[PDB]
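Trainee: The structure that follows is given in the form of structure tokens.
Here the Cβ positions follow ideal geometry from the backbone for every residue, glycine too, while neighbour counts run over all protein chains shown. All of this is worked out from the model, or read from it or from the source named; none is laboratory data.
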2 protein chains.
Amino acid sequence: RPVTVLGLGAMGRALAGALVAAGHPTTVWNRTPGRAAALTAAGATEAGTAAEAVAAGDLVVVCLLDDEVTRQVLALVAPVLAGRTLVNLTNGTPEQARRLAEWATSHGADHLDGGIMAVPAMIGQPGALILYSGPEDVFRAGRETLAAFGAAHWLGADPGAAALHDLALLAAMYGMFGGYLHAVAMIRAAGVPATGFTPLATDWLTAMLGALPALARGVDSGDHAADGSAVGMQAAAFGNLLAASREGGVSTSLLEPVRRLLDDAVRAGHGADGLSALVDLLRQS
Amino acid sequence: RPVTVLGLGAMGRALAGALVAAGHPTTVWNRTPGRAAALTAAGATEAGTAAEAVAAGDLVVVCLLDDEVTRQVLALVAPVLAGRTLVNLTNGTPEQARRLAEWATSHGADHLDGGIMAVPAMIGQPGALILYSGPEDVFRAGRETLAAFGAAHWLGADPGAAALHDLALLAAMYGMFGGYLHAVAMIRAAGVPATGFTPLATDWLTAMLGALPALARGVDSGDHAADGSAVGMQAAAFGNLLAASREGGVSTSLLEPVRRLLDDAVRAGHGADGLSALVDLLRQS
Ligand SMILES: NC(=O)c1ccc[n+]([C@@H]2O[C@H](COP(=O)([O-])OP(=O)(O)OC[C@H]3O[C@@H](n4cnc5c(N)ncnc54)[C@H](OP(=O)(O)O)[C@@H]3O)[C@@H](O)[C@H]2O)c1
Ligand SMILES: NC(=O)c1ccc[n+]([C@@H]2O[C@H](COP(=O)([O-])OP(=O)(O)OC[C@H]3O[C@@H](n4cnc5c(N)ncnc54)[C@H](OP(=O)(O)O)[C@@H]3O)[C@@H](O)[C@H]2O)c1
């Protein structure tokens with residue numbers, strides 16, 4: 001398939017470069033000129049307009065700054081989208097992806113949302129993960145092209161499924177990193193190097209990953225059975241963590257929300273339950 | 001060695017039970033009577049006073065509610081601590097452990113601080129982890145007794161080292177769990193079960209654990225080189241996570257501190273650096 005990339009920022013250039021290096025006939029476009037020098041040198045074709053670029057591709061890959069820019073560029077190319085497949089690799093929300101699917105359908109185009117789980121430099125390597133959602137046959141017809149970026153993981157027909165899982169994985173990653181970064185700040189304040197702490201932390205967190213299936217079972221079942229590590233005891237043990245942080249001059253900012261959630265769970269009567277009881281406490285609607 | 005346990009709450013009873021089942025001559029004490037029925041039935045001896053219990057053991061294991069209770073009980077038994085080794089398995093802070101080491105030395109006793117990384121039910125199984133710190137020979141003379149509880153990991157001569165690493169590991173665990181719990185709340189609000197999400201999350205977080213060595217290298221070196229995933233882009237991508245959470249009626253409480261830290265890092269000029277630059281931003285002293 002001939003392919004088109006709209007957007008030549010850091011990620012867009014990596015995307016186009018992976019397509020070129022795989023042999024796909026690739027046409028690229030970007031608002032600001034001078035971003036396709038190496039791409040054109042390697043075999044790509046730089047269109048002068050987005051509509052031109054779109055007309056030269058059966059599969060249109062979009063990677064712009066945000067969903068608002070995306071919707072603006074696409075509105076300009078709406079008359080030419082008919083019969084093509086739109087693959088939005090711009091980051092966005094699940095609802096924005098579902099709205100784009102309906103809008104694309106209104107202009108005769110297929111649609112897939114994508115959430116890139118890798119850095120630009122990893123694009124094109126088999127370990128690079130990109131999540132996709134949308135109609136299964138649309139993914140099927142395009143997956144060999146998407147494989148140029150790395151692994152292509154179809155999550156389901158819901159157009160918003162890729163963005164949902166992308167952002168949820170990011171939430172899990174930022175939680176883990178925030179806890180690790182607080183931990184290293186505590187040991188740094190005591191003069192202990194972070195390099196020697198990493199094996200202990202990795203072994204520990206690897207062990208903690210084994211607690212996830214039981215947590216998920218409790219969430220889905222509503223049976224918040226404890227694995228001996230109950231909310232009430234964990235709430236009682238958090239205070240030493242806060243005090244030791246203050247002892248070392250380390251801010252408690254990263255830890256306060258978990259403390260409050262634990263205290264709120266105890267107030268709600270969940271002291272004898274496991275952490276699966278914490279999930280529905282995050283509901284605000 | 002004859003051993004003594006002070007404190008028969010959930011953890012203290014598990015500790016004493018592991019000692020009994022290993023064959024150690026065990027003497028136990030507790031403030032409230034009636035907590036040693038099964039222990040005495042299995043071969044333990046219940047002393048009527050803490051001082052009695054202490055006098056019947058060369059190694060005194062303490063597991064009370066908190067450091068304030070610990071210091072009160074011990075003050076009463078100070079005249080009889082001479083020549084014994086004190087192993088405090090009550091949770092506490094690094095400074096409290098260092099102060100107890102000095103106080104114990106003042107009464108002719110050796111001292112080890114311990115931080116229990118396992119649940120009461122796992123005490124006695126080889127996978128149960130307890131961290132220890134204090135003089136290396138004191139640990140050596142006692143480690144075969146400590147092995148009744150599970151693995152005994154000596155972290156160094158600093159009496160506060162076990163509590164420091166214990167609490168740092170807890171910070172990493174609570175960060176990871178908070179991120180996971182937010183993630184499952186997002187997918188739950190979309191009607192997706194947590195059970196099917198767990199493999200993706202475990203694979204993802206296992207991959208993320210591979211980023212730790214580079215982070216630790218940057219912290220120790222002060223060279224906050226980016227792995228392509230720079231602070232500025234991660235700050236720009238966090239907003240979609242917040243918006244998607246609001247879309248699903250999910251509180252953003254667990255995520256706000258990481259957002260603020262990222263924004264603060266950008267303000268401080270670290271937008272092109274990796275997350276290792278975030279550590280020294282947590283300093284308040
Ligand atoms: N890079 C990563 O590490 C990473 C990881 C995962 C996913 N992503 C996602 O990839 C997407 C792009 O990131 P990036 O690294 O490529 O960012 P970037 O380097 O800042 O590039 C932004 C792109 O948007 C274009 N653009 C901005 N405003 C525009 C407008 N008004 N009209 C038309 N085009 C406009 C820019 O074109 P000009 O050259 O004309 O400014 C440029 O091509 C984002 O949605 C991001 O979340 C990135
Ligand atoms: N359990 C866990 O999951 C877990 C995990 C890691 C570490 N730990 C640590 O283990 C320690 C004990 O936890 P636990 O589960 O045993 O708690 P617990 O079941 O609440 O037991 C608390 C103990 O403290 C005693 N105590 C309280 N106030 C006292 C006082 N004024 N004078 C004398 N004794 C007093 C109680 O004796 P009475 O029977 O007379 O009240 C009881 O033996 C804590 O430091 C905790 O952080 C526990």
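Trainee: Mind checking which residues of the range A:217-236 are among the aliphatic types (A, V, I, L, M) and more than 7 Å from chain B (Cβ to nearest Cβ)? I'd like the intermediate steps shown before the answer.
Mentor: Filtering the range A:217-236 down to residues among the aliphatic types (A, V, I, L, M) leaves A:219, A:225-226, A:230-231, A:233, A:235-236.
Once the filter is applied, which keeps residues that are among the aliphatic types (A, V, I, L, M) and more than 7 Å from chain B (Cβ to nearest Cβ), the range A:217-236 yields A:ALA225, A:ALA226, A:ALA230, A:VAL231, A:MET233, A:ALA235, A:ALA236.
Trainee: Quick one: which of A:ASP280, A:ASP203, A:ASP227, A:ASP220 is more than 16 Å from ligand 1 (Cβ to nearest atom), of a type in the set (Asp, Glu) and over 27 Å from the mean Cα position of the chain (by Cα)?
Mentor: Numbers: A:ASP280 fails: over 27 Å from the mean Cα position of the chain (by Cα); A:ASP203 fails: over 27 Å from the mean Cα position of the chain (by Cα); A:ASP220 fails: over 27 Å from the mean Cα position of the chain (by Cα).
Answer to the selection: A:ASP227.
Trainee: If B:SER106 satisfies every condition in (1) in contact with a strand residue (DSSP E or B) (Cβ under 9 Å, 6 or more places away or on another chain); (2) away from chain A (no Cβ under 12 Å) but one, which is the exception?
Mentor: With respect to (1) in contact with a strand residue (DSSP E or B) (Cβ under 9 Å, 6 or more places away or on another chain); (2) away from chain A (no Cβ under 12 Å), B:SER106 is out only on (1).
Trainee: So, restricting to helices (runs of 4 or more DSSP H) that lie completely within the range B:122-216, which ones have at least 3 residues that are at the interface with another protein chain (Cβ under 7 Å from one of its Cβ atoms)? Working first, answer last.
Mentor: Values: elements: B:136-146, B:161-189, B:194-209.
Per the criteria, B:161-189, B:194-209.
Trainee: Sticking with this structure for a sec: Which numbered condition in (1) closer than 24 Å to A:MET122 by Cβ; (2) more than 16 Å from ligand 1 (Cβ to nearest atom) is the only one that A:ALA16 fails?
Mentor: Against the list (1) closer than 24 Å to A:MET122 by Cβ; (2) more than 16 Å from ligand 1 (Cβ to nearest atom), A:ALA16 comes up short only on (2).
Trainee: Can I ask one more? Which condition number does B:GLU95 fail, the rest of (1) within 12 Å of chain A (Cβ to nearest Cβ); (2) within 15 Å of ligand 2 (Cβ to nearest atom) being met?
Mentor: So the condition that B:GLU95 fails would be (2).
Trainee: Look through A:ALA109, A:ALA118, A:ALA82 and report the one residue that is farther than 20 Å from B:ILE187 by Cα and within 16 Å of ligand 1 (Cβ to nearest atom).
Mentor: Values: A:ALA109 fails: within 16 Å of ligand 1 (Cβ to nearest atom); A:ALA82 fails: within 16 Å of ligand 1 (Cβ to nearest atom).
None of the others qualify; the one that does is A:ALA118.
Trainee: Moving on. So, in the range B:74-102, how many residues would count as being surrounded by 16 or more Cβ atoms within 10 Å (Cβ to Cβ) and more than 23 Å from the chain's Cα centre (by Cα)?
Mentor: First pass over the range B:74-102, keeping only residues surrounded by 16 or more Cβ atoms within 10 Å (Cβ to Cβ): B:74, B:77-78, B:80-81, B:84-101.
Still in the running and more than 23 Å from the chain's Cα centre (by Cα): B:77-78, B:80-81, B:84.
Summing the residues that are surrounded by 16 or more Cβ atoms within 10 Å (Cβ to Cβ) and more than 23 Å from the chain's Cα centre (by Cα) in the range B:74-102 gives 5.
Trainee: Against the conditions (1) of a type in the set (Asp, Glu); (2) in contact (Cβ under 8 Å) with a residue 40 or more places away in the chain; (3) surrounded by fewer than 22 Cβ atoms within 10 Å (Cβ to Cβ), where does A:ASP220 fall short? Just the number, please.
Mentor: (2)
Trainee: A:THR26 versus (1) touching a strand residue (DSSP E or B) at 6+ places or on another chain (Cβ under 6 Å); (2) surrounded by fewer than 21 Cβ atoms within 10 Å (Cβ to Cβ); (3) polar (S, T, N, Q): which is the lone unmet condition?
Mentor: Result: A:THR26 fails condition (2) only.
Trainee: Hey, could you check the range B:235-275 for residues that are among the polar types (S, T, N, Q) and crowded, with 21+ Cβ neighbours inside 10 Å and say which is farthest from ligand 2 (Cβ to nearest atom)? Let's see the steps before the verdict.
Mentor: Within the range B:235-275, the first condition is being among the polar types (S, T, N, Q), and the residues that meet it are B:240, B:245, B:251-253.
Of the ones still in play, those that are also crowded, with 21+ Cβ neighbours inside 10 Å are B:240, B:245.
Values: B:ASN240: 37, B:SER245: 31 Å.
Here the answer is B:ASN240.
Trainee: Examine the range A:124-138 for a residue that is hydroxyl-bearing (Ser, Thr, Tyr) and either buried (at least 24 other Cβ atoms within 10 Å of the Cβ) or assigned by TED's automatic domain parsing to the domain that holds A:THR93 (or both), and state whether such a residue exists. Break it down into steps so the answer makes sense when it comes.
Mentor: Narrowing the range A:124-138 to residues hydroxyl-bearing (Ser, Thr, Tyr): A:132-133.
With either buried (at least 24 other Cβ atoms within 10 Å of the Cβ) or assigned by TED's automatic domain parsing to the domain that holds A:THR93 (or both) added as a condition, the list becomes A:132-133.
Yes.
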